[PDB]
Each structure stands twice: as structure tokens, then as C-alpha cells.
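To begin, one chain is listed below as C-alpha cells, in the form deposited in one PDB entry.
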């Protein structure tokens, strides 16, 4: 009358529990956050891969059964809504799980940034995890475990060490806070990127975040939520209604062709959820 679930956590470890066969996603999410002693859980969710190996958020309001057709109820715990100002989070631990996610986002190449920013962010990670630089605990080899960037230059490594040396006295809470302030200013911070085609058939990327919808073709356009009147899908296609022009005198619907109905439905859902979260709480 129950099914085993496995969840990859942000530090790489694996949470196992059992849930009732007809459990809604909420059941499992609540168990994972309890495990994590996470009170600010609303920023977070669970992803799964479907039979086409596409990533999907587990809808907490719905039976897991209906979403994951396989009995392989394997999930990944992830940031869903990236806070525009992490300093305003109530708890250090929320910020910590947030850093872990952003570290992956960087290493995986999902959040690009300057060599400069990579080294600064790296040095904050090192101060958080290792503490103060010391020539006697720190060979010149003491940061061999850390990944900082999709690609490790021995010069990135030296710059991380240089900056680490300057952070002396800094507590994890502060290393992390500094980490979050440089990270939140990055261009792709918190943007969920989706492949699409525009009306001419030119391949573009439609990003969703706290502030609105982004189009990239090379970043191009950006629609703050306040200016999105309606978000909808039909078939392969994704639509937004906006009031263009200086005085917003008319409505215009802009359309994007997505690779299939399901890609359109995932984009639409993610956009709706972001609008609800960021604009209605």
C-alpha cells in the first residue's frame, strides 16, 4: 500500500522514504523539507524525469501516481523560485540550500559569469566550507575538491586562493551572504530557460523568473509581469498578451512555437506558477 521514493538532495546525498500509493506530491515534499529542517519551503520543489527524459516539477496538489507513470519515484530537490533578494530570507539555512543550488547552476554552465565573478564566488564558497586561510592547513592543493566553473583554469584556482586570503575572519553566514549578493545580480540568475521558435521560425530561448518573461536570440526582449495580461497555450504554441506602445492603447498577442504540446504545457505552467508566486505572494 506504499511506494519507495528516492530524492537527490542539493549536497549530493539521497533521501529515502515510503509514501502511500495515492499520495499527492505534497506528502513527499513535506517529508523532504522536514528532513532538511527547512521552514521556508515555498522557494523549493521536486523534479522528476518523464518517459521522454524531460524534467518536470512534481505538482504537490496532484497524485504522484498521475505524474510519474514509472514506479521509479526518483526525484531531485531543487530551487523553484529564486528569491530576488536572498538577504530578506528569514533563515540562514534557506540561504545555504540556495547557495548549493547556485553552485551547481554555475558548475553546470546554466548560470554563466565573468572569470572575475567565478573567482569571487569561489572564494566565498571556500571561506564558508573551510574557514580562514592558514598556510598550515592549506597546502597549495587544499581546494582540489571544489568545482568552481564548468572549466578549471589553474589561474582561476590561484585567484580563488588570493581572494580567500582576504576573507579572513568571515563567518559562513557572511561568506554565503556575499555569495548571494554577487550571484543575484547575474544576468541569468534564477532564469528557467526553454527552447522555442518565434513567429518567423528563428530559434530563441524563453526565460522565466521573478521579474517576468525574457526572450533571448544574445538577450533581446523582456516583459515584466505587470505588463503580461494573459499567458496561454494551445497545441505546440505558447502565447502572451501585452499592451505595447507608450500609452498601452491596444492589446497584442505574441506567439512562440514549442517543440511539442508538452513542452508548451511545461512552459505555460512554469510561467503561471512564477506569476502566482511572485505577484500573488
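Residue numbers count along the first chain shown, from 1. Here the rigid core means the biggest group of C-alpha atoms that line up within 1.5 Å when the two forms are laid on top of each other. Only residues modelled in both forms are compared.
The same protein also has a form deposited in another entry, omitted here; what follows describes it.
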Superpose on the core and compare between this form and the one not shown; which one of 193, 107, 89, 138 crosses the 2 Å Cα shift mark?
138
Residue 255: after superposing the rigid core, is there a C-alpha shift of 2 Å or more between this form and the one not shown?
no
With both forms fit on the core, is the shift of the CA atom of residue 243 between this form and the one not shown 2 Å or larger?
yes
Have a look at residue 169 and residue 143: in that other deposited form, are their Cα atoms closer together or farther apart than in this form, given the change is 3 Å or more?
farther
Change in CA distance between residue 146 and residue 141 in that other deposited form, which is 3 Å or more, as closer or farther:
farther
Large-shift segments between this form and the one not shown, meaning 3+ residue runs whose Cα move 2 Å or more when the rigid core is superposed:
136 to 144, 243 to 250
